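These are the residues of each chain, in order.
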Amino acid sequence: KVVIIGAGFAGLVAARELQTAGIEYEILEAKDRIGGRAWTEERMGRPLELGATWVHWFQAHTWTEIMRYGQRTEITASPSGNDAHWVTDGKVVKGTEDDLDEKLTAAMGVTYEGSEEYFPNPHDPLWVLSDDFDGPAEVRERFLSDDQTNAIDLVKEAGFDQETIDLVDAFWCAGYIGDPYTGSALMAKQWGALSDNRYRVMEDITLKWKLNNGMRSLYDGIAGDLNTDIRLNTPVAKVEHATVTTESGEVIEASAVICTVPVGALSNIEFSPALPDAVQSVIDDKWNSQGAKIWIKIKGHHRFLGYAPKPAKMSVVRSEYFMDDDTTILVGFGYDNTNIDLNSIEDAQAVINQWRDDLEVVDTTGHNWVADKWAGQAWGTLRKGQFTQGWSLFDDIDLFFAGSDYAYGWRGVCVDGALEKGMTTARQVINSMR
Ligand SMILES: Cc1cc2nc3c(=O)[nH]c(=O)nc-3n(C[C@H](O)[C@H](O)[C@H](O)COP(=O)(O)OP(=O)(O)OC[C@H]3O[C@@H](n4cnc5c(N)ncnc54)[C@H](O)[C@@H]3O)c2cc1C
Ligand SMILES: NCCc1ccc(O)cc1
């Protein structure tokens, strides 16, 4: 009688884990679909990922599901060797993708400066603050200071030129899914630590390999294993911790509640008792994910890569599919969901016009996760101070919080973190039950 709130990857894998242990469960999902912020949907002639897209075999939890559900060889690399463009002091620079990669690689070396001392085990991100920490007190001081520094200032303080600063600004507008200047640099350093402290591996893990059959092949796979029907169109309005009340007034009694609703949507639920003050502050300030993901279709087959810094409508845009009607579908990430209408052709044209006054856009699409009352955010990213006093505070309770945003590893940004934390939270419930 464990109630799981939400049928995203975290709730689905938690349900399967409870099923293995013979523990009764039920998933309540607000929407008329499963998958959450992973959503494979036919748009503009093709199945497109409106949320989660890229995977890698160095992501333990994602890769095990890829193997489980038959997708081992069903991955394809995104287009590479694109003609690259980047905006720096208001002007467009042209170059090779290798040119751009080399600049980012140099900047990442400084950005990841401090990961080998903080993250010898990159899956123990708070080791420096633990009582097992046996390093110099100065490392702890630097760790805490880095939570209050954004990733771009690290590159500025190292003396890189404005062209590199503008590239890194663009890069982290996309990576921090919002305003990178409010972000915690420790997020970037942990990404380095999980990627052998090498830019190319980090890009290999986060932005290279796509699922031919979509994230839906994984989340429908997990759902297909479940012996208990998921209750769609059943939003939870109250959690007593247990008792769950739906929006319709149904009261469902529970032994435990696994809540996978993300921070951007937690204010839809009334908790009794109230959540700890430190958790409420995070919800009030949420996380670093105010941006948006667009899919743009242009005439012709063009191998294109574009970078632009804040406040551009989109900061990273890249060719992804070359369609059979002589069009190209490009993906884009931007820092501010309110400065772009993902479904307006003129706004998508304005994006492409950041770099090339040609390349007319014939179609565009996307889902604005931040304006979605059941998400309220894109992928979770960290504001200043939220590495050490943010994601880890949802472990207290009494009611359990699970989701990518609380993972120890590829937190927020990857399905790997949802599969990690959904599974380990189910183990917390399993361990408590006898
Ligand atoms: C634009 C974008 C691109 C991404 N790209 C990638 C990528 O390339 N690779 C990658 O690995 N990851 C990617 N991700 C991250 C990945 O999507 C997430 O890490 C993961 O899907 C989050 O899963 P979750 O189960 O923690 O949360 P969610 O998927 O948010 O699941 C929570 C569920 O709870 C439901 N819910 C909300 N409120 C209620 C309520 N009151 N009652 C009941 N149900 C409720 C929601 O509808 C949802 O189904 C991306 C995310 C975004 C936003
Ligand atoms: N949804 C996360 C996708 C992503 C990962 C890394 C990066 O630098 C930009 C985007």
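Structural notes on the overall build of the protein
For step 1, the next point in the chain: Check the secondary structure of the protein and you find 13 helices and 19 strands.
For step 2, the next point in the chain: Seen through its C-alpha atoms, the protein measures out along the principal axes to roughly 60 × 60 × 40 Å.

Quick word on the site of ligand 1
For step 1, the next point in the chain: Around ligand 1 sit 35 residues, and of these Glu29, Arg37, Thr53, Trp54 and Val415 come closest.
For step 2, the next point in the chain: The side chain of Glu29 places a nitrogen or oxygen atom 2.6 Å from an oxygen atom of ligand 1.
For step 3, the next point in the chain: One of the backbone N or O atoms of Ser404 is found 2.8 Å from an oxygen atom in ligand 1.
For step 4, the next point in the chain: Bound to the protein, ligand 1 loses 98% of the 1,000 Å² it would expose on its own.
For step 5, the next point in the chain: Of all the secondary structure elements, the ones that give two or more residues to the shell around ligand 1 are α1 (9-20) and α13 (415-432).
For step 6, the next point in the chain: Of the residues contributing to the shell around ligand 1, the split by class is 21 nonpolar, 10 polar and 4 charged.
For step 7, the next point in the chain: Looking at the shell around ligand 1, you find at least three residues from each of domain 1 (1-78 + 206-286 + 380-434) and domain 2 (79-205 + 287-379).

A short note on the pattern of salt bridges
For step 1, the next point in the chain: The full count for this structure, using the stated rule, is 15 salt bridges.
For step 2, the next point in the chain: For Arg200, the salt bridge identified is with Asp204, shortest N-O distance 2.9 Å. In this pair, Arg200 and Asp204 both sit in helix α9 (residues 199-206), 4 residues apart, roughly one turn of the helix.
For step 3, the next point in the chain: Overall, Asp204 belongs to the buried group, its relative accessible area being 15%.
For step 4, the next point in the chain: Here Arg318 ties to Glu320 by a salt bridge, and the two come within 2.9 Å at their closest N and O atoms. Neither residue differs from the other here; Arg318 and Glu320 are each classed as buried.
For step 5, the next point in the chain: A single salt-bridge network, built from bridges that share partners, covers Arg16, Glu65 and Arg68.

What to know about the domain arrangement of the protein
For step 1, the next point in the chain: Parsing the protein into structural domains produces domain 1 (1-78 + 206-286 + 380-434) and domain 2 (79-205 + 287-379).
For step 2, the next point in the chain: One C-alpha centre belongs to domain 1, the other to domain 2; they are set 24 Å apart.
For step 3, the next point in the chain: Taking both sides of the interface into account, the surface hidden between domain 1 and domain 2 amounts to around 5,000 Å²; carbon and sulfur atoms contribute 60%.
For step 4, the next point in the chain: Connecting domain 1 to domain 2 are 3 salt bridges.

Looking at the packing of aromatic side chains
For step 1, the next point in the chain: What the rule picks out here adds up to 27 aromatic pairs.
For step 2, the next point in the chain: Of the aromatic side chains, those joined through ring pairs into one cluster are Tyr118, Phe119, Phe143, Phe387, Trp391 and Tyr408.
For step 3, the next point in the chain: Against the face of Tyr321 rests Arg46, its NZ or CZ located 4.0 Å from the ring centre.

Points about the site of ligand 2
For step 1, the next point in the chain: Taken together, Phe171, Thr206, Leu207, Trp379 and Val413 make up all the residues around ligand 2.
For step 2, the next point in the chain: Notes on ligand 2: free accessible area 300 Å², of which the protein chains cover 92%.
For step 3, the next point in the chain: Of the residues contributing to the shell around ligand 2, the split by class is 4 nonpolar, 1 polar and no charged.

Let's talk about unusual backbone geometry
For step 1, the next point in the chain: Cis peptide bonds are those with omega within 30 degrees of zero, and the linkage from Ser272 to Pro273 qualifies with 0 degrees.
For step 2, the next point in the chain: Locating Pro273 in the fold gives a position in the loop between β13 (270-272) and α11 (277-285).
For step 3, the next point in the chain: Here the bond from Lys310 into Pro311 is cis, since omega is 5 degrees, no more than 30 degrees from zero.
For step 4, the next point in the chain: As for its position among the elements, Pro311 is in the loop between β15 (304-307) and β16 (316-323).

Some remarks on the environment of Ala312
For step 1, the next point in the chain: Checked against the element boundaries, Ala312 lands in the loop between β15 and β16.
For step 2, the next point in the chain: Residues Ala312 and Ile340 lie 28 residues apart in sequence; the distance between their C-alpha atoms is 9.5 Å.

Some remarks on helix α5 (residues 137-146)
For step 1, the next point in the chain: Taken together, the buried positions of α5 are occupied by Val139, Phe143 and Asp146. The arc enclosing the buried residues of α5, seen along the axis, measures out at 70 degrees, which places them on a common side.
For step 2, the next point in the chain: Where the residues of α5 are buried, they touch α4 (115-118) and α8 (185-193).

Regarding the sheet that holds strand β8 (residues 92-96)
For step 1, the next point in the chain: Read from one edge to the other, the open sheet built from 7 strands follows the order β8-β7-β15-β16-β17-β14-β18, with strand pairing classed as mixed. The sheet terminates laterally at β8 and β18 (361-365), the two strands that pair on one side only. In this sheet, neighbouring strand axes are inclined to one another by 20 degrees on average, regardless of whether the strands run parallel or antiparallel.
For step 2, the next point in the chain: Its contacts with the sheet place helix α3 (residues 97-111) against β7 (83-87), β8 and β15, and it is angled at close to 100 degrees to β8.
For step 3, the next point in the chain: Lying over the sheet, helix α12 (residues 345-352) contacts β14 (292-299), β16 and β18, oriented at roughly 110 degrees with respect to β18.

Details of the nonpolar core
For step 1, the next point in the chain: Among the nonpolar cores identified, the biggest contains 125 residues, and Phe9, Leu18, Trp172, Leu266, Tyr307, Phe394 and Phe401 are the most heavily contacted of them.
For step 2, the next point in the chain: When residues of this core are sorted by domain, at least three fall in each of domain 1 (1-78 + 206-286 + 380-434) and domain 2 (79-205 + 287-379).
For step 3, the next point in the chain: Setting aside residues up to four positions removed in sequence, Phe394 forms contacts with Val263, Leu266, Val279, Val282, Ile283, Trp287, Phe401 and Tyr406.
For step 4, the next point in the chain: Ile298, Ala312, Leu330 and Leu359 belong to the second largest nonpolar core, which has 19 residues in total.

Conventions we followed
- Residues numbered from 1 in each chain as written, not as in the entry; some residues may be left out.
- Chains lettered and ligands numbered in written order.
- Heavy atoms only, no water.
- Residues with missing side-chain atoms left out of burial classes, pairs and counts.
- Helix = DSSP H or I, 4+ residues; strand = E, 2+ residues; numbered from the N terminus.
- Near = heavy atom within 4 Å.
- Polar contact = N/O pair within 3.5 Å; in protein donor to acceptor, adjacent residues only side chain to side chain.
- Areas by Shrake-Rupley, 256 points an atom, 1.4 Å probe, with all protein chains shown as cover.
- Nonpolar A, V, L, I, M, F, W, Y, C, P; charged D, E, K, R; others polar.
- Domains from an automatic or database assignment.
- Salt bridge = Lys/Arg side-chain N within 4 Å of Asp/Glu carboxyl O.
- Buried < 20%, exposed > 50% of the residue type's maximum accessible area, 1.4 Å probe, protein only.
- Buried area = accessible area lost by both parts, 1.4 Å probe.
- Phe/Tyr/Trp six-rings, centres within 6.5 Å; stacked < 30°, edge-to-face > 60°.
- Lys NZ or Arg CZ within 6 Å of the ring centre and 35° of its normal.
- Arc of directions from axis to C-beta.
- Contact = heavy atoms within 4.5 Å.
- Pairing = 2+ DSSP bridges.
- Axes fitted to C-alpha atoms, helices over the stretch in contact; angles between N-to-C directions.
- Core = buried A, V, L, I, M, F, W, Y, C linked by side-chain atoms within 4.5 Å.

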